[PDB]
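Virtual Cβ from ideal backbone geometry, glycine too; neighbours counted across all protein chains shown. A short reminder: the numbers here are calculations on the coordinates, not readings from a lab.
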Amino acid sequence: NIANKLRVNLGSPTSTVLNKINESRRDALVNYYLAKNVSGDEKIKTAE
Amino acid sequence: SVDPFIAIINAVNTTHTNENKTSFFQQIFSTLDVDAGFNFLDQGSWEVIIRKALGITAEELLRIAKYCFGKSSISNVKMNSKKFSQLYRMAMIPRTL
């Protein structure tokens with residue numbers, strides 16, 4: 001609730017806060033994709 | 001420009017055209033539905049996005065919904081593209097000034 005309604009007048013799609021949102025989201029998504037759900041036959045462990 | 005002036009006088013432009021990706025309606029109101037139910041007598045999840053667009057507070061949005069619909073049918077409103085003009089009109093005349 002609080003995350004959906006702190007987005008009301010703050011976090012506009014033309015700002016810099018949403019860039020930090022995306023930077024914190026990619027660090028979760030890349031590590032989670034390294035954790036699960038690739039073709040596991042290829043040795044994919046790091047971000048490179 | 002043409003689209004906010006139209007949206008002041010008449011329906012917000014909902015036709016996706018040969019522009020970049022989308023229409024003026026999805027450019028301003030990020031994700032809503034023309035001809036959807038809006039219980040803005042109480043609240044909803046649209047109430048975040050309308051304040052994103054127009055820049056209104058809560059009670060000023062309630063007063064701006066008291067006008068342009070009357071104090072009888074605030075609850076069950078099926079807002080087409082012409083009813084969003086009733087909200088864009090009364091709240092973009094101040095901010096362009």
Q: Using Cα positions and a limit of under 16 Å, work out the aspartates and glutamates in reach of B:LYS82, with same-chain residues fewer than 8 apart set aside.
A: B:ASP3, B:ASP33, B:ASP35
Q) Are any of the pairs A:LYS5/B:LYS71; B:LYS52/B:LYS78; A:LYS20/A:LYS43; A:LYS36/B:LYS21; B:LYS21/B:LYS52 more than 23 Å apart by Cα-Cα distance, and if so, which? A) A:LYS5/B:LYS71; A:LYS20/A:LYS43; A:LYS36/B:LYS21
Q | Residues B:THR31, B:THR57 arranged by fewest to most Cβ contacts within 10 Å | A | B:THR31, B:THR57
Q: Please identify, among B:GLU19, B:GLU60, B:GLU47, the residue showing maximal mean-square fluctuation in a Gaussian network model of chain B using a 10 angstrom Cα cutoff.
A: B:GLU19
(Q) For a quick check: sort B:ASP35, B:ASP3 by the number of other beta carbons within 10 angstrom, fewest at the front. (A) B:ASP35, B:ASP3
Q) What number, rounded to the nearest 500 deg cm²/dmol, is the helix-based mean residue ellipticity at 222 nm of chain B, given -39500 (n - 2.57) per DSSP H run of at least four residues and division by all its residues? A) -13000 deg cm²/dmol
(Q) If the only charges are +1 at each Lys and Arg Cβ and -1 at each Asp and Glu Cβ, what is the size of the charge dipole of chain B around the Cα centre, to the nearest 20 debye? (A) 220
Q) What are the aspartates and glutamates whose alpha-carbon lies under 13 Å from the alpha-carbon of B:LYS66, with same-chain residues fewer than 8 places away excluded? A) B:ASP42
**Q.** Label zone at A:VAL8, where the point sits 7 Å out along the Cα-to-Cβ direction: segment B:58-86 residues whose backbone N lies under 14 Å
**A.** B:58-63
(Q) What's the magnitude of the charge dipole for chain A around its Cα centre, counting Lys and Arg as +1 and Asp and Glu as -1 at the beta-carbon? Answer in Debye, nearest 20. (A) 260
